[PDB]
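First comes one chain, alone, set out as structure tokens in the form deposited in one PDB entry.
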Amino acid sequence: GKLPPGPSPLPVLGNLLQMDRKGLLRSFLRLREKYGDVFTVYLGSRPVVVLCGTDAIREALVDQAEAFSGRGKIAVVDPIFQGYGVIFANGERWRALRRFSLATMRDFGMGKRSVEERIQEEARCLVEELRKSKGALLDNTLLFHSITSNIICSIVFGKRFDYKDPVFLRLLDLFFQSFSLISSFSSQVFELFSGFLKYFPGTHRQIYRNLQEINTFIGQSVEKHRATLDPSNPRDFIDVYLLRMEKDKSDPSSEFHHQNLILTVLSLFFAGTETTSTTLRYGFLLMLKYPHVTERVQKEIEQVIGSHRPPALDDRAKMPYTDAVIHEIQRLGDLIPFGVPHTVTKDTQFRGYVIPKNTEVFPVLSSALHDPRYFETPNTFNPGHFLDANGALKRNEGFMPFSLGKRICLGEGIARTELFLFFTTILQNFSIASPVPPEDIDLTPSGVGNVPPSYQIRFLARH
């Protein structure tokens, strides 16, 4: 090869002068145009292989799934995670934590009720809360952050919080503030030059402080769990982990220690809230812009579910139009546009190039989600992208918003359940309106995560 082709770097500065000022995603897409679907870019000293297009991403993450199963650091959060917890671990630590997390989230949670039942109940609480606004203008950001946070709380703490609980809201505010800071231009600069910038004030110090405050709270919950534990009846993720810590106490090689507990719980909040919340927020923005689509979803809800019974996950298979709409919301939403960093786990043979062991790799998910091979109108909201000639749901190789391979989103099922039940339970009970006429609504957004514009909305009780 030897490494994939790319711009010639400077020492220290890497490919700074070949980057685009609009950000990392724009820098990558521009470089793609010159160098092709697989290229090397130096971010500071670090060479990083970038994978664009559906093929290159699948050839890596699926065809060499084990080789591309490594996880890269994110400079602004590494001082917190330090390669612990389920997202940022590698090797055996990652395998053990992922195996445990998959199994546990599937089986243990608030009131012994299933994840689906907990989401249905959160949706019922949400409908009750929206009813109280009586059609007032609101910004739905807070409530969407609240319901997605409450699902993770149900899983990990075995409880949910009232929407107006002030301590819940103080910690929610400072937690979600972190995402904006992580996806900012300043944090992208920090990705490049952290080795220098860590010695100076900046967003990285605010991100650190916010997440440490959350870690303190998680620590306090772990102590409270331990003090109230019934080993015959584990409540939630924390109880199950404590029991595993007990089961492995005599094994100093075990990953099931305190640091992995705190940071795995943090990881579930970090990965499980913002993306799901912003998807819902983006979805409702689209539903304001395209009332004919929203009307059709409501028609389908009426036909399949009706106007009394709450939506259930079983309904989704009978609702291909609504399902296609959710797919298209995720696709156009493109909330994690250049993926979460991977690494190769060994020197890796890829398209004639050799990628040394531990080289970082970015799967540019955006480039699959906008691939014109797979989506006739990639920049236009089109639920027909996911519907066949008989009006049935159709699957698409370009559709990869949860990534692919061994690192695929651990919470894809939960996220899928949340989108379906929240969208349908809301629309079953409320129509929507806003001060801005549909044609005037602007969908224009961004870093590791995408962020749509702020907007007002009215939830109008139907009946």
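Don't overthink the numbering: it's just position in the shown sequence, from 1. Take the two forms, find the largest set of C-alpha atoms that superpose within 1.5 Å, and that set is the rigid core.
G85, modelled here, also has coordinates in every other compared entry of this protein that models residues flanking it, well short of the third needed to call it frequently missing. Checked against the other entries of this protein, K112 counts as unresolved in at least one third of those spanning it. In the deposited sequence, the stretch from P445 to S446 hides 1 to 3 residues that have no coordinates. Per the PDB record, of the two stretches 270 to 278 and 129 to 137, 129 to 137 carries the greater mean B-factor over its C-alpha atoms. 393 to 401 and 33 to 41 differ in mean CA B-factor, and the higher of the two is recorded for 33 to 41.
Of the candidates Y321, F108, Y163, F217, the PDB record gives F108 the highest C-alpha temperature factor.
You'll see in the entry that, of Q330, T104, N379, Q177, the Cα B factor peaks at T104. Residue-level temperature factors show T264 in the lowest third of its chain, judged at the C-alpha atom.
Looking at the C-alpha B-factors along this chain, the one for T417 belongs to the lowest third. When all modelled residues of the chain are sorted by CA temperature factor, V189 is found within the highest third. When the modelled residues of the chain are ordered by C-alpha B-factor, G283 sits in the lowest third.
Looking at the C-alpha B-factors along this chain, the one for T148 belongs to the lowest third.
Keep in mind the form deposited in another entry is missing from the figure; the text below concerns it.
For the listed set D314, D388, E376, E223, the sole C-alpha moving 2 Å or more between this form and the one not shown on a rigid core superposition is that of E223. Annotation: Cα of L143 displaced by less than 2 Å between this form and the one not shown, core superposition. In the core-superposed comparison between this form and the one not shown, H327 has its Cα shifted by less than 2 Å. Relative to the superposed rigid core, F28 undergoes a CA displacement of at least 2 Å between this form and the one not shown. Annotation: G85/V361 CA-CA distance shorter in the other form than in the displayed model, change of at least 3 Å. By 3 Å or more, the C-alpha separation between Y84 and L51 shrinks in the other form relative to the form shown here.
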